[PDB]
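A quick write-up on the structure given underneath.
By convention in this document, chain letters (A, B, ...) are assigned in the order of the sequence lines, proteins followed by strands, and residues within each chain are numbered from 1.
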Amino acid sequence: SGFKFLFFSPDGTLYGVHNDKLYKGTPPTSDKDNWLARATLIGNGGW
Amino acid sequence: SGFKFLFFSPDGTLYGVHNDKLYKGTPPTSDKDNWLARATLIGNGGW
Amino acid sequence: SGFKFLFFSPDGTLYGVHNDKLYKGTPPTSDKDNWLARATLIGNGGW
Amino acid sequence: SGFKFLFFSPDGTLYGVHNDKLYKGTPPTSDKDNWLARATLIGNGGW
Amino acid sequence: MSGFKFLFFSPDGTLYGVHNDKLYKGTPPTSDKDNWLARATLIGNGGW
Ligand SMILES: CC(=O)N[C@@H]1[C@@H](O)[C@H](O)[C@@H](CO)O[C@@H]1O
Ligand SMILES: CC(=O)N[C@@H]1[C@@H](O)[C@H](O)[C@@H](CO)O[C@@H]1O
Ligand SMILES: CC(=O)N[C@@H]1[C@@H](O)[C@H](O)[C@@H](CO)O[C@@H]1O
Ligand SMILES: CC(=O)N[C@@H]1[C@@H](O)[C@H](O)[C@@H](CO)O[C@@H]1O
């Protein structure tokens with residue numbers, strides 16, 4: 001459904017695997033902060 | 001039932017995914033601490 | 001009978017979810033250290 | 001397929017377990033960055 | 001269940017892992033020849 005992995009890098013950046021893709025970005029600060037919309041895609045498949 | 005993810009950011013904040021929602025807050029100090037009630041909701045759905 | 005989550009806080013404390021309860025304590029240093037018996041309960045239920 | 005574990009060390013190295021094998025490397029920086037292709041194999045079996 | 005159950009770092013850079021209900025720690029492996037479970041410190045036996 002949602003994320004397969006969700007975890008932090010030691011610099012404070014949030015990482016997530018969603019639909020076999022890897023994303024990173026600063027963690028959301030409120031429910032009005034759409035994280036996936038602004039996260040950087042860093043893995044297109046295989047995760 | 002319980003949490004899907006439960007993990008720390010490097011600044012010491014506890015993060016958790018519960019019923020597809022993302023929460024954060026200082027970790028509970030004791031079993032008198034209703035963490036889910038006081039945690040900040042930072043994502044509603046999709047986690 | 002085992003743990004659902006087992007992870008570190010950035011200050012070096014070990015956290016664990018066991019039997020729906022959340023526990024914390026310094027990590028064990030030898031197999032003679034019964035960690036769960038000495039760990040601090042910081043959440044009863046919902047984890 | 002996919003990863004079983006995917007997590008950071010405090011020095012910023014990404015680690016991953018894929019098909020019983022353990023890999024490490026600097027995290028991928030764009031969707032053109034094939035992480036598993038350049039990651040260092042540090043465990044063949046047992047993970 | 002197969003392989004490890006948990007595999008994760010402490011903030012001082014030590015690798016921890018749960019394997020066959022036992023908890024192990026050690027410096028992370030350095031190559032595909034490094035037999036980690038043979039050299040890792042057993043710090044918990046049962047219940048993990
Ligand atoms: C996985 C993800 O980025 N989810 C967010 C959700 O948390 C947030 O509340 C919503 C606001 O419209 O946007 C997205 O759905
Ligand atoms: C997930 C969560 O926040 N659980 C807590 C539990 O840890 C705590 O013991 C109780 C106190 O009344 O409140 C909540 O149930
Ligand atoms: C879990 C574990 O320690 N696995 C290692 C494996 O990574 C390594 O390639 C092999 C070398 O002989 O020894 C062990 O099987
Ligand atoms: C989860 C937990 O605390 N397990 C410990 C185990 O690690 C240790 O080897 C044993 C004997 O001291 O006591 C407990 O079973």
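In plain terms, the two heavy atoms of A:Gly12 and A:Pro27 that are nearest each other are O-CD, 3.5 Å. Pairing each heavy atom of D:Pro10 with each of E:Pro11, the nearest pair is CG-O, 3.4 Å.
For B:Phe7 and C:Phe7, the ring centers sit 6.0 Å or farther from each other. The aromatic ring centres of D:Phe5 and A:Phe5 sit 6.0 Å or more apart. Ring-centre distance between B:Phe3 and B:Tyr23: not below the 6.0 Å cut-off.
A distance of 11.0 Å separates OG in A:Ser30 from CG in B:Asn44, rounded to the nearest 0.5 Å. If you take NZ on D:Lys32 and OG1 on D:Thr29, they are separated by 11.5 Å, rounding to the nearest 0.5 Å. Within the model, atoms NZ of C:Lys24 and OG of C:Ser9 stand 8.0 Å from one another, a figure rounded to the nearest 0.5 Å. Residue B:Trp47 holds its CH2 atom at 7.0 Å from CD1 of B:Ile42, rounded to the nearest 0.5 Å. To the nearest 0.5 Å, the span separating CG on E:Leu7 from NZ on E:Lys5 amounts to 13.5 Å. Note that the CE atom of E:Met1 and the CG atom of E:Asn20 stand 12.5 Å from one another [nearest 0.5 Å].
For the pair D:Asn34 (side chain) and D:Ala37 (backbone), a donor-acceptor distance under 3.5 Å is absent. With hydrogens and angles ignored, the 3.5 Å screen pairs no side-chain donor or acceptor of C:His18 with any backbone N or O of C:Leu36.
Residues D:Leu22 and E:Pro29 form a side-chain contact, since some pair of their non-hydrogen atoms from C-beta on lies under 4.5 Å apart. A heavy-atom distance below 4.5 Å is found between the side chains of B:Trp35 and B:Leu14.
A:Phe8 and D:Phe8 sit in two unconnected hydrophobic clusters of ILVMFWY residues. Membership requires side-chain heavy atoms under 4.5 Å apart, directly or through other members. Under the 4.5 Å side-chain heavy-atom criterion for ILVMFWY residues, no single connected hydrophobic cluster contains both C:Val17 and B:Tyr15.
No salt bridge links C:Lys21 with B:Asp31; every basic N to acidic carboxylate O contact stays at or beyond 4.0 Å.
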Quiz item: Is there a salt bridge (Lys or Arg N to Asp or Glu O under 4.0 Å) between A:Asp33 and A:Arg38 once you walk through the steps?
Solution: CA-CA 9 Å; A:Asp33 179 4; A:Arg38 60 163 174 92; 2.7 Å; yes
